[PDB]
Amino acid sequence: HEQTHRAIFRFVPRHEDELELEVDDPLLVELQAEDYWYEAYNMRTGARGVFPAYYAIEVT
């Protein structure tokens, strides 16, 4: 589908379900959990996973 967010901080995973993030990485957020994590697809690396909500910003 289409790009919803952009990563603003670098995020390096420590757990299996976490998604790696480079700054300015295009993201397609598929779910915004109630516990403040985002389930998304990294369009640069073609990878799915979760990451802390504050590491990304919407693109609008």
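Each residue number is its position in the shown sequence, starting from 1.
Of all the options 17, 20, 39, 24, the entry's greatest CA B-factor is assigned to 24. In the PDB entry, a CA B factor belonging to the middle third of its chain's modelled residues is recorded for residue 56.
When the modelled residues of the chain are ordered by C-alpha B-factor, residue 1 sits in the highest third. Compared with the other modelled residues of the chain, the Cα B-factor recorded for residue 50 ranks in the lowest third.
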